[PDB]
């Protein structure tokens, strides 16, 4: 249940999400591309789904990948801004879930993003505590897939 998953975002979890996002969200282009390139590097079997972006190994040099990566960061900005209202968080999560359901992305494969998130957080000196908080937000999307 997406509603039960959303209920897992307690005061402490929301605080950790906000605190880490203040830093990570300050460079959407840089960290967004870092998140994607890490996903492709550690989970090569997911590259096939991104055929529209072309040669993803080009990283920042690939215009389609950069446009996609920046936009992905605004989806996370959206989630963070809706943390105060569960009903609004759920409706935006369901909107993005559809974007992935149509691409045949399962809850299990969506969850592969947790590894890259932990690595990007770690590079900014945010440890397991923060990685786990983000895993709980990702779990809300998984509940909708």
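Positions refer to the first chain, counted from 1.
The question of which stretch, 101 to 109 or 65 to 73, has the higher mean Cα B factor is settled in favour of 101 to 109. Per-stretch averaging of Cα B factors for 74 to 82 and 116 to 124 places 116 to 124 on top.
When all modelled residues of the chain are sorted by CA temperature factor, residue 145 is found within the highest third.
For residue 31, the recorded CA B-factor ranks within the lowest third of the chain. Only modelled residues enter the ranking. The deposited CA B-factor of residue 94 belongs to the lowest third of values across its chain. Residue 17: CA B factor in the lowest third of modelled residues in this chain (values from the PDB entry). Among all modelled residues in its chain, residue 9 ranks in the highest third by Cα B-factor.
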